[PDB]
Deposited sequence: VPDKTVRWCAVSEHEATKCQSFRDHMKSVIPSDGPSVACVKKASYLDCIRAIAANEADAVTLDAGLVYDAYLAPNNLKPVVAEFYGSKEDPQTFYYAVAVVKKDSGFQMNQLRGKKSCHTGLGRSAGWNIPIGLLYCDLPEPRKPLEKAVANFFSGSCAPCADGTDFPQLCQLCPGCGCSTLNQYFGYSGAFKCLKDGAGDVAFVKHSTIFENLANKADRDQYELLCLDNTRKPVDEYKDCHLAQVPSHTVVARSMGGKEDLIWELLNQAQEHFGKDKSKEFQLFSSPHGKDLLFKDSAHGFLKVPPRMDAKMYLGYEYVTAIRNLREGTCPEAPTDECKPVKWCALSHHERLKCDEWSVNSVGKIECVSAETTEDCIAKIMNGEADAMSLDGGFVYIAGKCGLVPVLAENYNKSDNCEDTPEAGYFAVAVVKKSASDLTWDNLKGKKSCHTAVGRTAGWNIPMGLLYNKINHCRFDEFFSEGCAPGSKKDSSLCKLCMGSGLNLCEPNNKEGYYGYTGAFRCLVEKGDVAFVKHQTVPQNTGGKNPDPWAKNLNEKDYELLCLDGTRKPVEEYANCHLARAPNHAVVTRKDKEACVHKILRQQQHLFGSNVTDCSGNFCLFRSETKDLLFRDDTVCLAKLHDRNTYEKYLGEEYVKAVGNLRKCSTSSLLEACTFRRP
C-alpha cells in the first residue's frame, strides 16, 4: 500500500478525515495514495505518533512546527497551506513593529515606551516581540508578565493580568480580552497606536493596509527593523521582527513519506479543493471550523525538499521562541567558522587553537550546507565565491569583508594560440571549460554575457560539449570532465577539472575555451605548476579573447577581459556583522601578510580582508549588472538551497 496516515486531534477531525479517506477512493487509481485516520488527544500526541511511526502527517501552527522539529521528534515541513489567491499564493505572515513617523527611537530603545499588543499569548502581538526582547527584560524574568510590566512604562496587553500587573492595562484599563475592548486584536492594537495611546504596535504586515486606505495616511507610520533603523510600512519584507508560516503539514525527516503526502494533497485539492463543487470539500466542514486544514486555505504548495524546520520558521522566529521556552541569557563570543572538507577543517582547528578561543570550527559537507548553518546560527562565517554570495544574500546573509589580492579580479576567456579561428564573436559549437556552474569566473560572467547574445541559458545546446562541474550528469557539459565513478562532473576536488586551475587543465587537454581569472594561466605555466599536465606549458601558447572580437597575450589581460569580477567575500548574519568585522581584522593583523594544500578557507592569493563601507548587501557588493545576469541564469539553475530561500522570499 501507498497509504498516508493522517493524524486527527478531535472527533470532529476524525470524521472529516474519514470522509476525506472515502472520497479519495473514488478519484484515485488503485496504484495511488490512500488515506488512513489516526485520532489522538492533541497536537503534541500527533507529533509523537508521527515520530514513532504510528502516523504520517498532520497540519500545524508555527509554534507546533517548532515542537515537532525538536529531538526526539525531528519532523519537517512538507506541504504549506496557501491563502488569498491562486495567482499570488500567501504562505507566510510578517510580524512587524509599527511606529509613528519621527517618534525618534529604534528597536534597541523600547524600554520605557508605551506598547500595544493584539493580545497576550498571540504570536505577532506578544510571543514574537516579547520573545526577541526577552533578554532585555529586567530580572527576574519569571513571571513573564511582571518582567514586561517593568520594561514598557505602560501598555495595553489584552488578557494580561491587570490585577497583579496594572502597568499592562494602562492604555486599556481592565485588559478586556474581547472585542468590547477597543484595543483588542489587530485593528485594536493598531488603533491603540493611531489614537496616540501607544508608541508602538506589535501587529502583522497587513494590519496597516487593512486600516488605512490612503497612502497619505500610511506615510505617517514606519516600521522598526531589527538592525535598529526604520523603514516605510510597505517595506515589511525587509523590516519585520519575524516571518511566520501559517499552517504547515509536517512529516518525519527520514522515512517520509513526503512524496506520498504531496501526491495525496495535491490530487485532493484538484478534485475537492476551493470552488470544486463536490459533495465533499477539503476546506470546510459541516462538523465545525478549521478541521485538518484552515477553512480559509485556497490550496497547498509543496515545501522545497531542502527546507528544514529552522529554515522554514526562519532565524528571527526561532530565536524568539527558544527564548520563551528555554529562558537563558548571556553575560561576541567566538566566531564559528564553517569548513567544507577534512583539509579545511584541519587548517581551521589549528587556527582555532592559535586564536586562543576567538575562532571555533564547524564543518559541513557542502557549501550550501555551510551557508544553511550560518542562516540558522549553527555557524557564523565563511568565505565564498561571488556566485555563493548571491545565494547567501537571497537567503538573508550579508557580506562583511572582501578578500584582496593586489575593484577586484579580471574574468577572462583563455584559448590555445594554435587554433587561431576562435573569437568571442562566435564560439557556437566549441568545447568549453568552466570552473563550476554558478561561479563568478567560470559561469556567471561569461554565460551572463553570452545570455545577452543568444537569449536563453541552455548553454549545453550552444557549446558542442564541455566540462562545467555541477551540470546534470547526462549533460553535454559533463562530457569532457575527468572525474571517475560518482565523482564525474562533481563541483569538488575529486573532479580534476573543477575550479580555476581544473578549467585551465580542461582547456589544455580537451577544450577550446576556458573561463577563468587573469592569473590562472601565469600561475600554471613556465614550470610553476610541476604536475605533468602543466609542467611543460608556456603562457605564450595561450591567448585571451577580448570583447572586441580580437585576441591578445595572456599578460595583456587588463585590455582583454570579459569583465571585472567581484572578489570572494566573507559572509555572516546581520546580527554578527559587527563581531565578525572586529575579530577577523584583529586575526589578520596577527596572522596575515606579515594552506597545506591549496585555497583552504580563503583563496591562496589573498593578502588582506577589506572593509566594505557602503557595499554590505549582496546587490551592492556584486553590482546590478552581475545581479541582473544571475537573475537571467536562474531560469536554468539547479540550486536547491536557492530554491528554499526564494520560496520564502521570491
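Q: Could you give the ranges of the deposited sequence that carry no C-alpha coordinates?
A: Unmodelled stretches: 1-2, 334-338, 414-423, 612-623.
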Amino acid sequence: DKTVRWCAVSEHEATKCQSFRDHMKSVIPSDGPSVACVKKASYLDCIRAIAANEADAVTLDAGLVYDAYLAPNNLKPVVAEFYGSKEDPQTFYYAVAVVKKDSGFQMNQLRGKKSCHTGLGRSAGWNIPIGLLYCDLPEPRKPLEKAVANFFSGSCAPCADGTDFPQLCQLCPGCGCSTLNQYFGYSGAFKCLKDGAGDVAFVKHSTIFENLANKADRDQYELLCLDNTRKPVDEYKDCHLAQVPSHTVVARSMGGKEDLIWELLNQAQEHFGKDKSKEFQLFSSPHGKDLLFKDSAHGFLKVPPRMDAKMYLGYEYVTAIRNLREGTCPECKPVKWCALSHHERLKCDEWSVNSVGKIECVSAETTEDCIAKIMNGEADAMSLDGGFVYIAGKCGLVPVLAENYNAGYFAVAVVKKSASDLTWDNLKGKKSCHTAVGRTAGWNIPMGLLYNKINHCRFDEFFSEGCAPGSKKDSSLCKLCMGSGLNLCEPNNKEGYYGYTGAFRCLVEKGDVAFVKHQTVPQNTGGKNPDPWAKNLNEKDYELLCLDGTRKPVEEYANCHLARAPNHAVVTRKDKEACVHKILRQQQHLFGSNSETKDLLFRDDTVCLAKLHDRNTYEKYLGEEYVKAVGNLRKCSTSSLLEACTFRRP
From here on, numbers count along this sequence of modelled residues.
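Note that the rigid core is defined as the largest set of C-alphas that superpose within 1.5 Å between two forms.
Q: Compare 116-124 with 411-419 and report which one shows the larger root mean square C-alpha deviation from this form in 8 other deposited structures of this protein once the rigid core is superposed.
A: The more displaced stretch in 8 other deposited structures of this protein turns out to be 411-419.
Q: To spell it out: superpose each other structure in 8 other deposited structures of this protein onto this one by the rigid core, compute Cα RMS over structures and residues for 175-183 and for 380-388. Which is larger?
A: Of 175-183 and 380-388, the stretch deviating more in 8 other deposited structures of this protein is 175-183.
Q: For residue 331, does the count of other compared entries lacking it reach at least a third?
A: Other entries vs residue 331: at least a third skip it.
Q: Averaging CA B factors per stretch from the PDB record, which one is higher: 613-621 or 23-31?
A: Looking at the record's C-alpha B-factors, the answer is 613-621.
Q: Regarding 573-581 and 179-187, which shows the higher C-alpha temperature factor on average in the entry?
A: Per the PDB record, 573-581.
Q: Would you mind checking which of 235, 461, 164, 385 has the top Cα temperature factor in the PDB entry?
A: Highest C-alpha B-factor among the listed options: 461.
Q: Return the residue from 451, 202, 152, 312 that has the highest Cα B-factor in the entry.
A: Among 451, 202, 152, 312, the highest C-alpha B-factor in the entry belongs to 451.
Q: Within this chain's modelled residues, let me know which third the CA B factor of residue 537 belongs to: lowest, middle or highest.
A: Within its chain, residue 537 is a middle-third residue by C-alpha B-factor, going by the deposited values.
Q: So where's residue 139 on the chain's Cα temperature factor ranking, which third?
A: For residue 139, the deposited C-alpha B-factor lands in the middle third.
Q: Can you tell me which third, lowest, middle or highest, the CA B-factor of residue 208 falls into for its chain?
A: CA B-factor rank for residue 208: middle third.
Q: Could you say whether, by C-alpha temperature factor, residue 649 belongs to the lowest, middle or highest third of its chain?
A: Highest third of the chain for residue 649's C-alpha B-factor.
Q: According to the PDB entry, is the CA B factor of residue 629 in the bottom, middle or top third of its chain, that is, lowest, middle or highest?
A: It falls in the top third of the chain.
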